[PDB]
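Remarks on the structure that follows.
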DNA sequence: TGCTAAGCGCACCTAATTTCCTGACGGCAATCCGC
């Protein structure tokens, strides 16, 4: 096996089948250029990819991906126990290199701006990098997420070796800071309360205003009860439009705002309330002063 | 001539549903009151009542089976569920994000404009508004409900609401005025006469007082924990967009054996519903053959097949050729 | 039809709400209710667990501090009030998954045959017998002067139940109220009525400052007594109410020896009497592979068991 | 012609991408600049010439789609895979690949240089940001498209600026070791995907999305960035991510 | 329709010690492979 299967196993830093395992052909790359060491970015030639990736196509020729994975590792082939296969005598270092020769719908292809024109970029993922990240983040305490998604069958189907050893990889966690994370409180502070009494059926309303004087206990009670403990700071308050006060009178004619009457947001726009036609009753300035003093002392 | 499909043909969605959020309300104050619905953790002690080999049965039939779960139930004083989600209708011609061949783009644009000429995305749109107005997006929340009320608000106009228990889940109505009014705007959005349509749907399901609410379940692969991990959106319960969208694409009643199985299926490529485990459109009435008979060996297919091909292109996906090495 | 479907599942047909606990006074039980809350109780103990002889010598007179929780009534209340409600759903409209359509047709045909024989009436009478005897009060039925269970459907409060006058090993079929509720559950199970919401309120006169036993929660890793809090107040799991409502099986092979009902499970497991009672040919798997896969007119008692599990639910799926 | 600054305030992105080979979190910066160039190309097709050359990336809230375990780590969810084109396309259960998804509320400050940059252009962006996607996620709602003048009309939020000097001046070894040591020293610093480096030469291969534009195979290159408040940001122009090309390097840089 | 302006709100010493912190049984079935 290990001396007749070295001719169909290819050598790669990059496999195309690690984005989607249905990418036809044996597509990938082997980048061996140089480390810049001061460039500002992490490439596969700038991290210490100690162990390369041997990518196969058929399950039969998987013997080089087994021999190189037995600890003593035969990766020692930069001790010299011999003759237990002769072709295998360091033929694991002049293997054919995975060369990019085509693209397909499963390789991620994107456009990039180059000088008024565009260049199509088909992104090949890096297996060896992901392996090195998973090794060097098990022994560390930086934020990390394990991606338990690839089963062993699909990892075998990828053809790679460092995906068959590392099917559930450990990767960096690049999240925004924790005080910027969604919760119920940061969402129930973007929803605004509406009152439980329809002004158009309020039993004592004179087409918009508060005729009966005993309804101001009811208006004050609903203004307290709905929204007693829901005070909101200025950034979390709803904006105060003029289309809303116009649309309120629009409901009953009353073009100019009636003199001696102020639009009252029944549930306050500080203790939670909506800038809506529901949350307004055109009460008298005396009773409006009474209600805006009653809610002041809570 | 055109002898194949393009080497990279892609299509975007044209009915982009958003995630859902679950609220708890009363019914006589459903327009004013709205409380958050939270997802609790419920641990269970069970018995090992699953099928096992007859040797393992003698060793494990009276063994405790503790399991981890989560559960969403209403409050003791709120009897209704409020789900609010939104859709972004988009044009079909302007949802082709990729096409390698220019002649296939010309031919497909001719076939979409020919569909705009004869039944300009209107029957499909009426079926999508029926799948909003029978409330098929209440997957297990439509069972045991006294009153279901569905409200649709395009732009800022609030349309007359729907009694979603007066619609059959296997019959699509083509006569209700509200459905026709919504469906014409969705048809004009699909044609390209409007560049976008924002629809907001709010449902009111009166199940009962402290009854169980069924969110969507999250596929979370963890080795340490294996339990019912339900969906929490902004701290509260909800549903994925894919669940609601799979509900809305259940409009296909044009498969080869509809007279036997008389139920709409979701519009997939090979007719693959996740309930029945046989492909419903596997060789001759599949999308790939019924688009290679439409665009490549030009031919006027029946209008039901044109409905299916256009419904696939509203669903959208990777629709290229069998990629070679 | 050979073999069950690869994805076969059933949903519940008796959805029980979680229970909330209250305190009342029995002569003021129709006008007065207070919340019952759980209190943390740290307890100091002696080391009374059984130890090996080389650990007992060192740790027999060692103090044992242990954490715990408890629920107790007030000094002014003599009665516990438990409120839960049950949603009855139809049986044919409860198959959540069935990959074969022929198997769906066969299940619907056999349920329709059972509706023809007995319209889910014996099963429903047994369910209302486990609402009327107050078996959902597990350790809260021990030491009670008067237990009164009131059942409300829609807006009609049915006549109340002297729950202590019901033997827990027999099932009454001559009570008018049980028959009238059970006929509605029977028509809901059959298909005539699409849903039925039944609200249960039970008054347990146990005494003053006596202990109320809620449902204890399950702890998995390496713990103390954590009792169930439903909306702040004490409460019980819906699972525990349903396991006391499905204690209707008097149809197992060894009933004449052990003459009491057991909860309806697939392999007939009973945790009280720690023996399996349906480990073989009278289990659900071999009674659903002999009712639909190889058509055989089973006895009516076995049919009661199959429909009772189809009201319970589960993943009954072959590989 | 007329330089200016348009702010697209509180854009709520739903189910964006989050996987860039070694990163699960904030999307790539090439994705946000692709939203910028897509907005540019759709405005320049309604006959509104506006060349967008610098994008600010503000952050208000996030939710990685998943759950937080009891040990404080993250488990990432995925939607159930449907029919995926290939040999196994007729099977009812499809293969699950590596994928992560995030929900973001972001505000984009754009450096816009056009003939006229007025509030009509803002209305054009409003009528153009409802047919586009950020990363690969849908836009649920946006607050307002407005013109800003200085660093005072900008709302509260935490920008993303490139911190490469905290990565070049790091402990030692190789760039991965420098990255891990730098993230140990500063805990308010995140890895970010910043562009691409070629693995081949410019040419025509078979299978391209556009058969007439040049093509090059690429790896993703990654760097460090951090968060600065809107109040404590000096002379803007340092939160503006801009395209920058070299021979073999397709980089997004804050100059 | 107003309800004040001004100064400032201690210096010391410390915050216990012993014995311990349960025993049980158990933690699902299905499916997620291209060639």
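Residue numbers (the entry's author numbering), protein chains in the order written: chain F, 26 to 97, 102 to 107, 111 to 116, 125 to 338; chain A, 11 to 335; chain B, 12 to 233, 236 to 332; chain E, 0 to 254.
The C-beta atom is built at its ideal place from N, Cα and C for all residues, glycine as well.
- Spatial neighbours of residue 132 of chain E in its own chain (CB-CB distance under 6 Å, excluding positions within 5 residues in sequence) are not present.
- The C-alpha of residue 88 of chain F lies about 8 Å from the C-alpha of residue 31 of chain F.
- Secondary structure of residue 192 of chain E (DSSP, three-state): strand.
- Under the Cβ criterion of 8 Å, residue 280 of chain A is counted among the residues facing chain E.
- Neighbours of residue 42 of chain A across chain F, judged by C-beta separation under 7 Å: 234, 235 and 236.
- At a beta-carbon threshold of 8 Å, the residues of chain B lying near residue 287 of chain A are 16, 17, 18, 110 and 111, ordered along the chain.
- Across the structure, residue 291 of chain A and residue 300 of chain A are spaced so that their CA atoms are roughly 11 Å apart.
- Cβ atoms of residue 183 of chain B and residue 189 of chain B come within 8 Å of each other, at about 6 Å.
- The DSSP-derived three-state label of residue 215 of chain E is strand.
- Of all alpha-carbon atoms in A/209, A/256, A/145 and A/123, the one lying nearest the alpha-carbon of residue 172 of chain A is that of A/145.
- Taking a C-beta distance under 8 Å as the contact criterion, residue 262 of chain B and residue 298 of chain B do not qualify as a contact pair.
- For residue 106 of chain B, the enclosing beta strand (DSSP E) stretches over residues 106-109.
- For residue 114 of chain E, no Cβ of chain A is located within less than 8 Å of the residue's own Cβ.
- Straight-line measurement puts the Cα of residue 138 of chain B at about 14 Å from the Cα of residue 177 of chain B.
- Within chain E, the residues 126, 129 and 130 have their CB atoms less than 9 Å from the CB of residue 206 of chain A, given in chain order.
- One Cα belongs to residue 334 of chain A, the other to residue 99 of chain A, and the distance between them is close to 35 Å.
- About 16 Å separates the Cβ atoms of residue 317 of chain F and residue 262 of chain F, ruling out a contact at the 8 Å cut-off.
- Chain-ordered, the chain E residues with CB closer than 7 Å to the CB of residue 71 of chain F read 173 and 174.
- Counting of Cβ neighbours within 10 angstroms places residue 201 of chain E among the exposed residues, the total staying below 16.
- When only Cα atoms are considered, residue 72 of chain A and residue 44 of chain B end up about 41 Å apart.
- In the assembly as shown, residue 143 of chain E is an exposed residue. Its beta-carbon has fewer than 16 other beta-carbons within 10 Å.
- Residue 57 of chain E has its alpha-carbon roughly 4 Å from the corresponding atom of residue 158 of chain E.
- Here DSSP, grouped into helix, strand and coil, assigns residue 171 of chain F to helix.
- For residue 245 of chain A, no alpha helix (DSSP H) segment is defined, and its DSSP state is neither H nor E.
- Closer than 8 Å at the C-beta level to chain A, one finds no residue of the stretch 17-45 of chain E.
- Annotated three-state conformation of residue 152 of chain F is strand, per DSSP.
- Under the 8 Å criterion on CB atoms, residue 277 of chain F is classed as non-interfacial with respect to chain E.
- Listed along chain F are 49, each with a C-beta nearer than 7 Å to that of residue 334 of chain A.
- Between the stretch 69-79 of chain F and the stretch 194-207 of chain F, the count of C-beta pairs closer than 8 Å reaches three or more; the two stretches touch.
- Of E/120, E/190, E/196 and E/52, the smallest CA-CA separation from residue 36 of chain E is found for E/52.
- Take the alpha-carbon of residue 103 of chain B and the one of residue 258 of chain A: they are about 24 Å apart.
- Residue environment analysis places residue 244 of chain A among the buried positions, since at least 16 neighbouring C-beta atoms fall within 10 angstroms of its C-beta.
- From the beta-carbon of residue 41 of chain F, no residue of chain A is found nearer than 8 Å; the closest lies around 11 Å away.
- Sorting F/189, F/320, F/82 and F/213 by C-alpha distance to the C-alpha of residue 290 of chain F places F/320 at the top.
- The alpha-carbon of residue 19 of chain B is positioned some 44 Å away from that of residue 50 of chain B.
- In the DSSP assignment, residue 134 of chain E falls outside any alpha helix (DSSP H), carrying neither H nor E.
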